[PDB]
Each structure stands twice: as structure tokens, then as C-alpha cells.
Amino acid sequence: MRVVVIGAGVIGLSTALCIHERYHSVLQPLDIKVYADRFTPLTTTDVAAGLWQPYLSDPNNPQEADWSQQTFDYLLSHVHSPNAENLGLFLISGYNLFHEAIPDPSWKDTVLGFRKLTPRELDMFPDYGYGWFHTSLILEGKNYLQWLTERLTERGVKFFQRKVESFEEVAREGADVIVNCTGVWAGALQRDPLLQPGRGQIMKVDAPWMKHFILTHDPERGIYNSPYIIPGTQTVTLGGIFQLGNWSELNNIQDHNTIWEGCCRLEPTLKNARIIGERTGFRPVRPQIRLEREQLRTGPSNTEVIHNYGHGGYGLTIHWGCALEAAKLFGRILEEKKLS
């Protein structure tokens, strides 16, 4: 039973882990290998602040609401363990701000102590007249990736640095199952007109007095395109850039100024902050996550492919539920192959 996971971002590594921990005791030769073009300092997952918050509107696929929920419940049950720091997991509260009244989010009961902003609170934000406060979680991409990595290593999973040119190439070389977690780059292996980059650019700043996240929302400009501030473990993330179809993996002066003007307007104390770093990445945007099986007809017998990609701006928020679901699909392959 030879398994190749393509992708070493959050989706790949979590999925790889979830499959191993669930089926290594019911499969004798269960070889799991991770093939990736880039690893854990240099993926999109690394660029993310790691805040748990799904989109405000209900998911096209209501399944996604569950996957996010399961991810929250799971992370929360580990927020008070000696590991948390190593994962980069911790609790944070903060504000979602809007110009006008809007309906509560579907997830309002997943988070802790979700409530509307009282007028006292809104006065700290001239530009805003409505919003929420709640306590969520941060799972810092970098850390989380390192942790998954050493968890995978100690479980025997081998890692290889390579670009896969096609599914067949990997099946040809002997994989029985292929787990496709190639993110925004999925379409280079199998055309997907629905999958597209939402370019994001962030600034890492030194503002340790910042203890709340602050997300602003403008329907006029679109989701993820309004300034946000998200404190991390060691630094504070400044953002508010979302540009569909842009493939330029390079920091942009204009976007820098936009991050900075928006965030300073939002929180004046930020002016005396020190700029540490800046980064760009590509949310793998898609009307819904592709997470399903496909029998790839190649040679004598077809090899099995589990797709797990298109997590847009919520990959950390949802990764774990998706990983449990990929593992499920994996178990169904086994029983059909009469190996369970």
C-alpha cells in the first residue's frame, strides 16, 4: 500500500498525518511519502497569520461549516497542553468592524463569547459603526508546519523535494494512492477553471502591545481586501490585500502603502511600530473546496486520487476537518480494495 501525498503546506501535512495515525495499525506495508516542490519556510501556509475565522457568508457546500467546526473543537481541546507553544496555538480575542448592521455569522456558536460591539467600543473606531467581538484561536502557519513535520518524521513518513509533472508519472513509479494537496497550483496537474489565486500581501510588524485582532470589512472592496491586524506570537500581522488572478509572487510597493495606511488609520499607535518582514502568497480560491476521489485511468489498473485543495482564505481554519474527510475517503478505498 504505497501512498504519495503531493503538497507540504498545511493541507498535505495534516492529511498525511491524519491518514497515518488512522491506518498504520490496519495496514501492514503502509508507506507514506510526501512529495513537495516547496517546504515549510516557503509555502503559502507560511504567509498566513493563522487566525481561525471562516468567511462571513454560508459555504456553498454546508459540509465546510462542519469541517471548520471540527477544526476549532480539536484545536481548542489542545490549547492547554504542554505542546501548544510548539504548534504555535493560542487564544486571541478581537473585533470585526463594519459600516452598517449585518447578520450574525453561521459560526457564531463555534467561537467563544461571540457578541455585538457596545457603543463604547465602537467609539474607538471613527470609520466604523458596527461590529462584533469574540475570542477565537491562532494557529501560526510556520510553527504548525514544523510541528506536523517532526510528527510525520517520527512516524516514518519520508519527504522528498520534487515537482511532480503529472499524476501518471507518480502512479507509473508505483503509488497505489495519490493525495493531491497542491493548493493554488492544482491546475498544473489537472485543469480546473474554478481554481484561481487570491494574491495576498502581508507585513510583519513589532507591536507587542497589540493584544486583539481587528478585522475590517468593506463590501465595496471585497473580503480580505480591507485592513486587518492580527497579533501573532512574536510579531503582528498587518494586511488587507486580496487580488483575484494575480500570480505575481513579489512584494508590491502599492500594496505595502495600502497595508500601512489602512492599518495606521485603524490603529494609530502602529506608526511607531518596527517593520520586520513582508511576504506574498496565493490563497487558492474556488467556489468550494475540492475534496473528493477520482480513479485515474493509467496503465493496467487505475490508481486512486484524493483531491484536497482550494481552501482560499481559510485553510488553517478548516484544515483538520478536511484531513479527517480525506482519511475517511482513504478508508473507503481500502474496503473496496478488500484490505480492511
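In case it trips you up, residue 1 is the first one in the sequence shown, and so on. Only the largest set of C-alpha atoms that superpose within 1.5 Å between the two forms is called the rigid core.
S.K.: Rigid core fitted first, then name the stretch among 162-170 and 220-228 whose C-alphas deviate most from the displayed form in 6 other deposited structures of this protein.
M.R.: Stretch with the larger root mean square C-alpha distance in 6 other deposited structures of this protein: 220-228.
S.K.: With respect to the recorded C-alpha B factors, which stretch has the higher mean value, 32-40 or 45-53?
M.R.: Mean C-alpha B-factor is greater for 32-40.
S.K.: Look over 231-239 and 152-160 in the entry and identify the one with the greater average Cα temperature factor.
M.R.: Higher of the two, by average CA B-factor, is 152-160.
S.K.: Of the three thirds of its chain by CA temperature factor, lowest, middle or highest, which one includes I6?
M.R.: It falls in the bottom third of the chain.
S.K.: Can you work out whether the C-alpha temperature factor of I276 puts it in the lowest, middle or highest third of the chain?
M.R.: For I276, whose C-alpha B-factor we compare with every modelled residue in the chain, the answer is the middle third.
S.K.: Based on the deposited C-alpha B factors for this chain, I'd like to know if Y224 is in the lowest, middle or highest third.
M.R.: Highest third - that is where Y224 ends up once the chain's C-alpha B-factors are sorted.
S.K.: In terms of the chain's CA B-factor thirds, is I102 lowest, middle or highest?
M.R.: CA B-factor rank for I102: highest third.
S.K.: Would you mind ranking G183 by its C-alpha B-factor against the rest of the chain and naming the third, lowest, middle or highest?
M.R.: According to the entry, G183 has a C-alpha B-factor in the chain's lowest third.
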